[PDB]
Asker: 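Quick one: this structure, given as structure tokens, is what I'll be asking you about.
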Amino acid sequence: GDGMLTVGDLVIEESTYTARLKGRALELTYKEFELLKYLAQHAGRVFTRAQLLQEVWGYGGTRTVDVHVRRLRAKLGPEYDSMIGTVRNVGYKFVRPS
Amino acid sequence: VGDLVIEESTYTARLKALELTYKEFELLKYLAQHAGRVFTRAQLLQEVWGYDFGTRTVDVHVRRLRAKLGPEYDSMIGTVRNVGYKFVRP
DNA sequence: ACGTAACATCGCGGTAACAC
DNA sequence: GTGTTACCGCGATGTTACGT
């Protein structure tokens with residue numbers, strides 16, 4: 001345990017730079033991994049696109065978050081689709097499984 | 001050591017008899033002494049090289065390293081795009 | 001022994017564009 | 001407004017040659 005994180009079946013190991021789902025490795029791009037990581041490092045908290053851009057992208061084209069959110073949800077699959085919830089007129093947030 | 005034996009003071013490695021350069025050996029050792037962990041180029045430059053160069057010598061060294069291993073064990077060194085490289089355990 | 005030279009490959013990822 | 005999928009420039013890595 002160095003920088004390892006666990007939420008439900010999602011494990012996000014910064015060390016080895018891998019993200020798993022009860023053993024199924026995720027082939028995430030870099031920004032897809034930094035986005036999923038930041039959101040899970042802050043479960044339940046809704047963030048805005050200008051927030052997520054500043055934190056994950058770094059200090060216009062704000063639908064990149066939405067695309068990356070969709071690429072993320074897509075790779076998570078229907079069984080884990082809902083780990084990224086949407087808050088109309090606010091932004092996104094990681095949704096803890098029960 | 002999963003088919004791979006690195007001998008420290010001899011500065012050699014055997015993959016059941018790899019002939020490696022000093023930098024190729026320092027890079028393989030540091031990647032295998034921390035197997036599974038990904039290291040950046042800044043990291044591997046300050047740890048394995050003395051220098052902080054931009055340079056593409058790490059990428060070149062991985063390649064020379066990979067070639068010696070052969071298409072059997074060249075997977076032992078993984079690439080993590082936009083991050084760096086890592087040793088991969090069979 | 002090593003680190004540029006220099007180009008080939010290919011994946012990142014941001015914009016476009018429309019459905020709803 | 002957001003879900004969503006193309007499309008394609010660009011840039012990260014691969015790779016080998018060559019100069020020191």
Side-chain angles (χ1 to χ4, degrees), chain A residues 16-19 25-39 46-58 60-87 89-95, chain B residues 6 10-13 17-31 38-62 64-88:
Chain A
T16 183
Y17 211 104
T18 60
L26 278 190
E27 280 189 291
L28 322 183
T29 184
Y30 181 73
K31 284 267 181 30
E32 277 153 31
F33 186 97
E34 290 309 303
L35 183 69
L36 177 80
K37 191 177 72 26
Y38 186 93
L39 291 184
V46 47
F47 300 82
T48 64
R49 298 161 167 84
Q51 278 169 1
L52 287 155
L53 286 192
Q54 208 209 37
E55 288 279 344
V56 170
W57 277 251
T62 36
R63 302 202 52 59
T64 324
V65 196
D66 313 42
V67 174
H68 283 102
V69 161
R70 179 77 257 274
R71 289 182 186 145
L72 268 182
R73 274 175 179 151
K75 297 188 186 166
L76 282 165
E79 321 91 49
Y80 302 95
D81 217 55
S82 60
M83 278 187 185
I84 311 147
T86 300
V87 184
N89 301 90
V90 197
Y92 302 102
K93 74 189 191 173
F94 196 99
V95 166
Chain B
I6 85 112
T10 40
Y11 303 110
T12 79
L18 287 174
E19 274 139 87
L20 299 197
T21 81
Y22 186 73
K23 282 290 166 67
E24 294 164 357
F25 161 97
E26 286 305 290
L27 174 66
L28 185 60
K29 169 154 156 291
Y30 183 93
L31 284 190
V38 65
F39 292 95
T40 65
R41 279 149 188 118
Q43 284 181 265
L44 299 178
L45 267 201
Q46 284 213 282
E47 304 310 293
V48 181
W49 284 258
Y51 213 75
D52 37 343
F53 303 83
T55 160
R56 300 222 43 220
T57 200
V58 196
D59 313 46
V60 169
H61 284 82
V62 159
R64 308 207 168 118
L65 248 195
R66 277 188 173 145
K68 283 151 161 90
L69 301 163
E72 297 285 74
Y73 309 82
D74 62 1
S75 285
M76 286 193 121
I77 300 131
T79 302
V80 170
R81 304 202 62 91
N82 203 71
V83 178
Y85 305 95
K86 61 192 223 237
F87 198 92
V88 154

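Letters A, B, ... mirror the listed sequences (proteins, then strands); counts begin at 1.
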Asker: Is the shortest distance from a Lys or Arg side-chain nitrogen in A:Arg49 or A:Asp66 to a carboxylate oxygen in the other one below 4.0 Å?
Answerer: yes

Asker: Can you tell me if B:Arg66 and B:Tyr73 form a side-chain donor-acceptor pair at under 3.5 Å?
Answerer: no

Asker: B:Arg56 has an atom CZ; how far is it from atom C1' of D:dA17, in whole Å?
Answerer: 14 Å

Asker: Rounded to the nearest angstrom, tell me the gap between atom NZ in A:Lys31 and atom P in C:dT15.
Answerer: 11 Å

Asker: Using a 4.0 Å heavy-atom cut-off, does B:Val83 contact any base of the nucleic acid, only the sugar-phosphate backbone, or nothing at all?
Answerer: sugar-phosphate

Asker: Inspect the contact between A:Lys37 and A:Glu34 and indicate whether a charged nitrogen and a carboxylate oxygen are less than 4.0 angstrom apart.
Answerer: yes

Asker: Which listed nucleotide (C:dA16, C:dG3, D:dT13) is nearest to the side chain of B:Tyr85?
Answerer: D:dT13

Asker: Applying side-chain hydrogen bond (donor to acceptor under 3.5 Å, both in side chains) to A:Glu32 and A:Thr29, what does each step give before you reach the verdict?
Answerer: CA-CA 5 Å; A:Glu32 277 153 31; A:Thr29 184; 5.1 Å; no

Asker: B:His61 NE2 to C:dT4 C1': how many Å, rounded?
Answerer: 12 Å

Asker: CD of A:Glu32 versus P of C:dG11: gap in Å, rounded?
Answerer: 14 Å

Asker: Heavy atoms under 4.0 Å, any strand shown: does A:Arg71 hit a base, just sugar-phosphate, or nothing?
Answerer: base

Asker: Quick check on B:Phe53: does its CZ atom have over 12 non-hydrogen neighbours (other residues, nucleotides or ligands) under 6.0 Å away?
Answerer: yes

Asker: Please give, in whole Å, the distance from C:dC2 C1' to B:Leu45 CG?
Answerer: 13 Å

Asker: Could you tell me the separation between the CG atom of A:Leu72 and the P atom of D:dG3, rounded to a whole number of Å?
Answerer: 12 Å

Asker: Using whole Å, report how far CZ of A:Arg49 lies from P of C:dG13.
Answerer: 19 Å

Asker: Pick base, sugar-phosphate or nothing for A:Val69, based on heavy-atom distances below 4.0 Å to the nucleic acid.
Answerer: nothing

Asker: Side chain of A:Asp66, heavy atoms from C-beta onward: which of C:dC12, D:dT13, D:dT2 has the nearest atom to it?
Answerer: D:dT2

Asker: Rounding to a whole Å, what distance do you find between B:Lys68:NZ and C:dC2:P?
Answerer: 11 Å

Asker: State which of D:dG11, D:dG3, D:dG14 makes the closest approach to the side chain of B:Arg81.
Answerer: D:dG11

